[PDB]
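These are the residues of each chain, in order.
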Amino acid sequence: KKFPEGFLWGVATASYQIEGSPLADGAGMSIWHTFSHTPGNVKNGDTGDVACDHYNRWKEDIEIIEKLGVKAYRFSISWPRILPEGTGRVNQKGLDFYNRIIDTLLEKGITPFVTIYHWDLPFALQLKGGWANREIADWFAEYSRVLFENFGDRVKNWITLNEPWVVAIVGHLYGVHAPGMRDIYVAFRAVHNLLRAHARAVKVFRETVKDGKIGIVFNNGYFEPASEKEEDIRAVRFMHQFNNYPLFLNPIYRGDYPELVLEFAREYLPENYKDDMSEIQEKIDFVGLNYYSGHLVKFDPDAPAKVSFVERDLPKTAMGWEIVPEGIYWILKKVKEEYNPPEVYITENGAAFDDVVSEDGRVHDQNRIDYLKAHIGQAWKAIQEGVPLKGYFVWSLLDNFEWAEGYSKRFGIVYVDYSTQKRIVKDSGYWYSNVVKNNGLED
Ligand SMILES: OC[C@H]1ONC[C@@H](O)[C@@H]1O
C-alpha cells in the first residue's frame, strides 16, 4: 500500500506535554500550570513541571526524528513563553527557543507544522475570562500575528487551534481540563469565541505570510448506533455533529452551527451569535483530523444530552478506548462528503499501551504496531477513493504528560524513562521509520 508522491509522514507533540520548565526564561504561567498545581485535578498530582525535559533536550529529540527519517514534525508553541501576560510584551527568549527548533528542523529537511494553541493559555488571560471573553479574538489575533511575523519566513504550515471541542467542553463544561469550569453557558461561549479567534488569526495570516497555508485541528470519534432504532441513529447524528468536525466546520463552510447542535444548545449560545458568522467563514487551507477510537451510542432519555455510551468488548487501549480502525476511513470520507475541504491531514493517530522495557533493552509494542498499521491502511483506502489526504501524524513522538491522566498513559513511539530522561525507540518507532522510508505499508 503505497502513498502519493510527496505524502507527509509526521510525528506530533504539544508544548506543555513535553517541554517542562514552564517558568523558565521569563515565561508567564499557563492555565495548565495552575490547574495541575491544584490538588485533585491530575492523576497522582502529576504536573508539566519537568515532563520530557524537551525544553533542554530538544536537539536530541529532533535528532531522533531525523534518524527515523520522519518528514514532518507537528509541535505547538506555548503562548505564555512568547507573551508572558498574554498580550503586550514579547519575550525574546521564548522566540529563541522555538527559532532554534525551527532552524534545526529545516537544516535536517523536516517540515515544521506549528500548532498555535494547544491548550496552554496564559494564566493572565484566564484572569480576564479566557475563552469566555469575546476579547480573546483580539488577544489571539495579536499572539498569532507575533508568531507569523517572527516565524512565518520559515514555517509555512500553521494550525490555529488543537481540538477546540475539548478546550470548550472538557475545559469549561466537564471541568476535567484547565481552566476546570462546569458551566454550559460558558462552554458554548467558549466554542463561539474559539471560532471567532480562529478566524481573526486566519485573516491576519493572509496579511502576514503571503506564501503559507493555515488550518485547524479537530478531535473525532467514530460513532455507531446501539440498534437499528430511529432514535439511536439520531443519537449518532447528534454525536457526530457535536463531538466531531461539524461543530466547527459548519460555521466555517456554511455560516451556522449544525442543526442538532442548535436543537440542544441554542439557549447557551450568545444571543446575537449569527452576527459573527460571516467573519467565521474566513477561508482555510486545510482541515486536520485527529482520530483515536469508536463508540457505541444509544439514545438515553436520562442522559444530559439524551445520549449514553454503551460498552463493547472490542480490543481497547490503556485509555479504555475501543480500537476501531475503520473509523479513520469513515471520518475521512465523511469530511469530503460534507465540506469537501481542499486538503486534509490526519494530524494525530496513536495509542496508549502499558509499555515495558524488556530485559533485551527494547520495547516490544506489537499492540501499537498493529494499531498504527491498521489505521494507516484505512487512511490509504480513503486516498484511493479520492480524499485529498496530504499527510499523517503519529501521536506522539514521545511518551508525555497525558493531561488529567498525567504520565500514566504512554502514547509515544519513543519511550521516555522519566527517572533518567532516557529515550528508547520502541518497536513501533522502528516500524514507522520503515513505512516512512517506503512511503507506505509492505502488506
Ligand atoms: O489523548 C491523546 C491526545 O489527544 N489530542 C490532544 C493531545 O494533547 C492528547 O495527548
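Residues numbered from 1 in each chain as written, not as in the entry; some residues may be left out. Heavy atoms only, no water. Residues with missing side-chain atoms left out of burial classes, pairs and counts.

The record names X-ray crystallography as the way this model was obtained, at a resolution of 2.00 Å.

Draft legend 1. Fine view of the overall build of the chain. Broken down by element type, the chain carries 16 helices and 11 strands. By the compact-globule yardstick of 22 Å for 443 residues, the chain fits well, its C-alpha radius of gyration being 21 Å. Here the C-alpha coordinates of the chain stretch approximately 55 × 55 × 45 Å along the principal axes. A fraction of 75% describes how many contacts in the chain between residues 6 or more apart in sequence connect residues 24 or more apart. (Helix = DSSP H or I, 4+ residues; strand = E, 2+ residues; numbered from the N terminus. Rg over C-alpha atoms; globule rule 2.2 N^0.38 Å. Contact = heavy atoms within 4.5 Å.)

Draft legend 2. Representation of the packing of aromatic side chains. Counting across every chain of the model gives 50 aromatic pairs. Between the aromatic rings of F188 and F264, the centroid separation amounts to 6.1 Å while the plane-to-plane angle is 70°, which identifies the pairing as edge-to-face. Pair noted here: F188 is in helix α9 (residues 184–208) and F264 is in helix α12 (residues 259–265), with a separation of 76 residues, a long-range link. Three or more aromatic residues link up through ring pairs in this structure, and these residues are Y16, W32, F35, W119, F401, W403, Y407 and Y418. The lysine or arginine in question, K381, covers the ring of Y329, its NZ or CZ lying 4.4 Å from the ring centre. (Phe/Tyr/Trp six-rings, centres within 6.5 Å; stacked < 30°, edge-to-face > 60°. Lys NZ or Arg CZ within 6 Å of the ring centre and 35° of its normal.)

Draft legend 3. View of the UniProt feature "active site" in the chain. Following the UniProt record, one finds the feature "active site" at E163 and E348. Taking the farthest pair of C-alpha atoms as the criterion, the annotated set spanning 186 residues converges on one region, since that pair is 10.7 Å apart. One can find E163 in the loop between β4 (157–162) and α8 (164–172). What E163 contacts, discounting residues up to four positions off in sequence, is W119, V217, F218, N219, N290 and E348. (UniProt positions renumbered as here; feature names shortened; annotations may be inferred.)

Draft legend 4. Region of the structure containing helix α10 (residues 230–243). Along its 14 residues, α10 runs 20 Å from first to last C-alpha, staying within 8% of the 20 Å computed at 1.5 Å per residue. Residues of α10 that are buried: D232, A235, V236, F238, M239, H240, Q241, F242 and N243. (Expected span 1.5 Å × (residues − 1). Buried < 20%, exposed > 50% of the residue type's maximum accessible area, 1.4 Å probe, protein only.)

Draft legend 5. The arrangement of the pattern of salt bridges in detail. Considering all chains together, one arrives at 32 salt bridges under this definition. Measuring nitrogen to oxygen at the nearest pair gives 2.7 Å for the salt bridge that ties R134 to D276. With a gap of 142 residues between them, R134 in the loop between α6 (123–126) and α7 (136–151) and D276 in the loop between α12 and α13 (277–280) connect regions that are remote in the sequence. The buried category is assigned to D276, whose relative accessible area is 7%. When the shortest N-O distance is used, the salt bridge between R145 and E149 registers 3.0 Å. A residue pair is termed a helical-turn pair when its members lie 3 or 4 positions apart in one helix, as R145 and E149 do in helix α7 at 4 residues. A relative accessible area of 35% places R145 in the partly exposed class. (Salt bridge = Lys/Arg side-chain N within 4 Å of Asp/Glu carboxyl O.)

Draft legend 6. Region of interest: unusual backbone geometry. With omega at 5°, the peptide bond leading from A178 into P179 counts as cis. Going from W395 to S396, the amide bond is cis rather than trans, its omega being 5°. The phi torsion at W403 lies on the positive side, around 55°, for a residue other than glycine. Of note, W403 is situated in the loop between β9 (389–395) and β10 (414–417).

Draft legend 7. Focus on the nonpolar core. Counting 152 residues, the largest nonpolar core has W79, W131 and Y432 as the members making the most contacts within it. Counting residues per element, this core draws most heavily on α9, at 12 residues. (Core = buried A, V, L, I, M, F, W, Y, C linked by side-chain atoms within 4.5 Å.)

Draft legend 8. Spatial organisation of the site of the ligand. Every residue lining the ligand is accounted for by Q17, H118, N162, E163, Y292, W321, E348, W395, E402, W403 and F411. Between the ligand and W395 there is a distance of 3.2 Å, counted from an oxygen atom to a side-chain nitrogen or oxygen. In terms of residue class, the shell around the ligand is made up of 5 nonpolar, 3 polar and 3 charged. (Near = heavy atom within 4 Å. Polar contact = N/O pair within 3.5 Å; in protein donor to acceptor, adjacent residues only side chain to side chain. Nonpolar A, V, L, I, M, F, W, Y, C, P; charged D, E, K, R; others polar.)

Draft legend 9. Representation of the packing of helix α5 (residues 92–107) against α7 within the structure. Two elements in contact, α5 and α7, have axes separated by 11 Å at closest approach and are oriented at 45°. As judged from the angle between their axes, α5 and α7 are oblique. Classified by chirality, the crossing of α7 by α5 is right-handed. Judged by residue contacts, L95, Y98, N99 and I102 of α5 engage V146, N150 and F151 from α7. Classifying every residue of the contact of α5 with α7 by side-chain character gives 5 nonpolar, 2 polar and no charged. (Axes fitted to C-alpha atoms, helices over the stretch in contact; angles between N-to-C directions. Parallel < 35°, antiparallel > 145°, perpendicular 65-115°, else oblique. Left-handed = near helix turned anticlockwise from the far one by under 90°.)

Draft legend 10. Representation of the packing of helix α3 (residues 54–68) against α5 within the structure. Contact pair α3 / α5: the axes reach a minimum separation of 10 Å and the direction vectors enclose 5°. In terms of orientation, α3 lies roughly parallel with respect to α5. On the side of α3, the interface is formed by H54, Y55, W58 and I62, while α5 contributes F97, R100, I101, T104 and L105.

Draft legend 11. Broad picture of the pairing of β4. Of all 6 residues in β4, 6 are buried; the element is thus mostly enclosed. The pairing of strand β3 (residues 111–117) with β4 spans 4 bridges and is parallel. Opposite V114, over in β4, you have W158 as the bridge partner. Bridge count between β4 and strand β5 (residues 213–225): 4 bridges; the pairing is parallel. Each bridged residue has a counterpart across the sheet, and for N157 the counterpart in β5 is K213. (Pairing = 2+ DSSP bridges.)

Draft legend 12. The arrangement of the side chain of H33 in detail. Structurally, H33 is set in helix α2 (residues 31–36). Excluding anything up to four places from it in sequence, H33 contacts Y16, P22, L23 and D49.

Draft legend 13. Molecular detail of the environment of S144. For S144, the position within the fold is in helix α7. With 242 residues separating them along the chain, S144 and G386 place their C-alpha atoms 33 Å apart. With sequence-adjacent residues up to four places away left out, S144 is seen in contact with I116, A201 and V204.

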